[PDB]
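For reference, the chain that follows is the form deposited in one PDB entry, supplied as structure tokens.
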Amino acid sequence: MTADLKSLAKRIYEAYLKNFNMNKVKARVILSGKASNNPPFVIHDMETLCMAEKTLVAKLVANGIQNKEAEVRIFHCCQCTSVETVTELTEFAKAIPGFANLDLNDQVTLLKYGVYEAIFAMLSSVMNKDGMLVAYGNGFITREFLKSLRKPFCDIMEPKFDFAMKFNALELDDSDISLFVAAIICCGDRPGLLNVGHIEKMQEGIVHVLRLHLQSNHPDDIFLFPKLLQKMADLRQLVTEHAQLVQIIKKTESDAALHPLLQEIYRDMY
């Protein structure tokens, strides 16, 4: 591995830690309970939910949702998390050598289709077999509780849990995930791209640094890179299935509005 590539990776790594407050290392120390005797508040039923919701009683009232069904409240708070992560990814993309120089429309297109593939990828970092950290690591909503919600809301997170478990089995660190997320955004296959040639050249570089980094960082996992390539395909499919379930929810649930920023992303996605 050369020096220009070795720096390009650290640069990507740098932008990852600067723009994402909840990295895998922060989460893994919380979940282990080895650096603090004060665990996060656990949400496992409607009771503990209403207790945690009393913390954000201000924004629930502002958004006129404080009185709606419990499933819809979670669906609304989670949209906020997506908006934040989409924003953070928009800033993270600037550190991708060549992304800032692409035409503006192609930047919107790359993010329009990649953000949710990146979200579900990074979402694995805050997940275990029993639940996921929430509110910057101050809460832990249980997997079973999300399954107990009424359909179709109970079908939202479970596939993400299933993906995170298999994804976490690869035992990647933020060093690897950062490059992995960069490759997800720099995909020359996105419908609507104008300068496909430039983006593809930009992707070949990212994917190259990733393949070398994986060999350097995980030498005893010979086919870790092929495994990831298959993980990109699984994420793409996972997002498709997710977008299908959202359109089913937005139409057959007149009570669960859709955030304006996310409406654009989901609009004419596939």
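Numbers follow the displayed sequence, beginning with 1. So that the term is clear: the rigid core is the largest set of C-alpha atoms that superpose within 1.5 Å between two forms.
* For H44, do at least a third of the other compared PDB entries give no atomic coordinates? -> Residue status for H44: no gap in any other entry.
* In a third or more of the other entries compared, is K34 missing its coordinates? -> Residue status for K34: gap in at least one third of the other entries.
* Hey, which bit's got the bigger mean C-alpha B factor in the entry, 259-267 or 1-9? -> Comparing 259-267 with 1-9, the higher mean C-alpha B-factor belongs to 1-9.
* On mean C-alpha B-factor from the PDB entry, just flag whether 222-230 or 49-57 is the higher one. => Per the PDB entry, the higher value belongs to 49-57.
* **Largest Cα B-factor, entry values, listed residues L210, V42, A243, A27** => Spelled out: the listed residue with the top C-alpha B-factor is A243.
* When you compare the CA B-factors of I156, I184, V72, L133 as listed in the entry, which one comes out on top? -> Highest CA B-factor of the listed options: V72.
* Cα B factor band for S124 (lowest, middle or highest third within the chain) -> Lowest third - that is where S124 ends up once the chain's C-alpha B-factors are sorted.
* To do: Just say lowest, middle or highest third for the CA B-factor of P152 relative to the other modelled residues in its chain.
  => For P152, the deposited C-alpha B-factor lands in the highest third.
* Considering only modelled residues of the same chain, in which third does the CA B-factor of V83 rank: lowest, middle or highest? -> Middle third.
* Within this chain's modelled residues, let me know which third the CA B factor of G188 belongs to: lowest, middle or highest. => For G188, the deposited C-alpha B-factor lands in the lowest third.
* Asked: Mind checking which third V239 falls in for C-alpha B-factor across the chain?
  -> Within its chain, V239 is a lowest-third residue by C-alpha B-factor, going by the deposited values.
From this point on, the text means the form solved in complex with a partner chain, which you will not see here.
* With heavy atoms only and a cut-off of 4.5 Å, decide whether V196 touches its partner chain in the bound PDB entry. => Answer no; every heavy atom of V196 is more than 4.5 Å from its partner chain in the bound PDB entry.
* Asked: Does any heavy atom of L261 come within 4.5 Å of a heavy atom of its partner chain in the bound PDB entry?
  -> So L261 counts as contacting its partner chain.
* Asked: Even though its partner chain is not shown here, does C154 get within 4.5 Å of it in the bound PDB entry, heavy atoms only?
  -> No, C154 stays farther than 4.5 Å from its partner chain in the bound PDB entry.
* Look up in the bound PDB entry whether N168 has a non-hydrogen atom within 4.5 angstroms of its partner chain, and give yes or no. => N168: no contact with its partner chain in the bound PDB entry.
* To do: Answer with one of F145, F120, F99, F140: the residue that has a non-hydrogen atom within 4.5 Å of its partner chain in the bound PDB entry.
  => After the contact test, the surviving option is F99.
* Asked: Relative to the superposed core, which single residue of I222, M232, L245, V61 shows a CA shift of 2 Å or more between this form and the one not shown?
  -> Spelled out, the residue whose C-alpha shifts by 2 Å or more is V61.
* To do: Quick one: in the bound PDB entry, is the Cα gap between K54 and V61 smaller or bigger than here? Answer closer or farther; it shifts by 3 Å or more.
  => It is closer: in the bound PDB entry, the C-alpha atoms of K54 and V61 lie at least 3 Å nearer than they do here.
* Please say whether the CA atoms of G64 and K251 come closer or move farther apart in the bound PDB entry, knowing the change relative to this form is 3 Å or more. => The answer is farther, because the C-alphas of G64 and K251 separate from each other in the bound PDB entry by 3 Å or more.
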